[PDB]
Amino acid sequence: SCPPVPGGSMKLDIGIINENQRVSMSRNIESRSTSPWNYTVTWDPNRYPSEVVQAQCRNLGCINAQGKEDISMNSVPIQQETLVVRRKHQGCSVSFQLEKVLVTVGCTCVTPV
Amino acid sequence: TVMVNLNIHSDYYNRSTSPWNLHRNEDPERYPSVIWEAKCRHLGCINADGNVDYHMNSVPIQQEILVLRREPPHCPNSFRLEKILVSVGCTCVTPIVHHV
Amino acid sequence: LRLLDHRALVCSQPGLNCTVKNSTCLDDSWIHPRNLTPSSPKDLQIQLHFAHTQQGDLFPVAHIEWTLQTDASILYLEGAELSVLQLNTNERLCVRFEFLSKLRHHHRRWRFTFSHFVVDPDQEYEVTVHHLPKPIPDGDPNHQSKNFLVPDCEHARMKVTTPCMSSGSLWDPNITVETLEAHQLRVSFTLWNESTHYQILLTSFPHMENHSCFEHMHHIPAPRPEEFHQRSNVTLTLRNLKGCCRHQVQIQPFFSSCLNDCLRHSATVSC
Ligand SMILES: *[C@@H]1O[C@H](CO[C@@H]2O[C@H](CO)[C@H](O)[C@H](O)[C@H]2O)[C@@H](O[C@@H]2O[C@H](CO)[C@@H](O)[C@H](O)[C@H]2NC(C)=O)[C@H](O)[C@H]1NC(C)=O
Ligand SMILES: *[C@@H]1O[C@H](CO)[C@@H](O)[C@H](O)[C@H]1NC(C)=O
């Protein structure tokens, strides 16, 4: 079976199957990492998802064993490029597009070059 | 179902205290076809000398992402949206130790 | 961020014919905007509860409460989508409520609750209640969101929860470091009912210097279901050094529930 495929576009059924049903308990480590970070909720009412969580590195450097910052080590953001759907309007008329959004998922600690 | 316009608008794994190895998650129907799923190299973190400090944990960062699968599996531009779990990187945390 | 029971979840209220189940967090109202949108939920409040399954397991559940506003927009209310967002992973979960019988009075104010979203200990979630139809492009909000925070397994009613216990919240190793004659150490500890390995982590120090004179690590492999809860003992030969006497033994579990990030248990032996 195949639908009538129209030109210069795509058919996007939105029935999103979550083939990845985790079953691997994750936690709030953002506070514990050597490169700690804060989370910010992002709301774009004309996007799907409307809510995107971006992370922000707490410092320029990595926190040590005593609890103070170490500048000889750098705190770097680790990014994941994902897809979002974008709703646009000219007026009553509504268009749909796919956008690539780079999301900062958290911070890791790297030795400089 | 929505008609969408066809135009879809660094080396930390080796450098990081908590380093990782990228694994080939290949799929001919799904877009992106290949996704690199990062898996932690050690249980612990790499210390100031270059050895593993087992008094530290190397845990991975995980994310939900939007991918598109070809639906039907053969058709050209007919896709169905998919949600998946991806291990992106590893960070190094301090473990929760309970004393006596 | 899993639903509780695929049971016949009910939202049916007196004077309100209601039905609930599963949704992709993308509604027809977002793709196809309806002109007359209803007003935002009033006084949203998420509070932590626990749930007991027919199997006898106890789980933390996000208890979503809300009401609606007095205004005339009520007649144009068709349902409500409820999102739960895991901040760390961006993991979304939604349930829509389909109002079959339209609400037309306000004689009695309507109050709403959902308590099936199961939430994991020590976490952060943005719980949103979106009224449906969603507002037209460049329309006013119409939803409400609240940041909900679940506590760690140190929390009283938390450490008796299934997810906590499974990550050894109620485990006690009763860890004991008895000194042996030929400058050795027997390390005694009780084991958990999971066939995962453990790691003993020795860090000997002088009498006050807080820097390791000797550091050793030893692997205790996965016990069989027989060896579950039965006390294990490992004898290790110490560094035969003067002053290097004040020991620190740290047993680390590797339970599936945490993998590495598990709770370690520390013992400190003097001279
Ligand atoms: C990053 O976060 C800093 C600390 O606050 C966090 O708040 C969280 C609340 O959910 C959570 O408790 C976490 O553990 C905390 O670390 C913010 O720093 C604060 O900034 C204020 C001024 O804006 C000061 O008055 C505070 O003293 C200061 N906190 C500290 C620890 O000094 C940062 O502003 C924030 N930065 C970004 C980029 O989000
Ligand atoms: C492990 O032991 C605890 C306490 O006896 C119990 O809650 C748990 O269900 C046990 N699990 C197994 C698989 O024995």
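Chain B is numbered as in Swiss-Prot; the shown residues are, in order, 44-52, 64-154.
So this one's X-ray crystallography, 3.3 Å, going by the header.
A Cβ is built for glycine as well, from the same backbone N, Cα and C atoms used for every other residue.
The N-linked glycosylation site feature in Swiss-Prot is assigned to B:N68. In the three-state DSSP assignment, the secondary structure recorded for B:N68 (N-linked glycosylation site) is helix.
In the three-state DSSP reading, B:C144 (disulfide bond) counts as strand. The annotation disulfide bond is assigned in Swiss-Prot to B:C94-B:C144 (among others) on the grounds of experimental evidence.
B:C99 (disulfide bond) falls within a strand segment according to DSSP. The disulfide bond annotation in Swiss-Prot covers B:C99-B:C146 (among others).
Counting in whole angstrom, B:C99 (disulfide bond) lies 10 from B:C144 (disulfide bond) by their C-alpha atoms. B:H52 and B:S64 bracket a stretch of 11 residues that the deposited model omits, and the distance between their Cα atoms is 22 Å. Comparing local CB density within 10 A for the recorded positions B:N68, B:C146, the maximum falls on B:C146. Local packing around the Cβ, expressed as the count of other Cβ atoms within 10 angstroms, is greatest for B:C144 among the disulfide-bonded residues B:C94, B:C99, B:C144.
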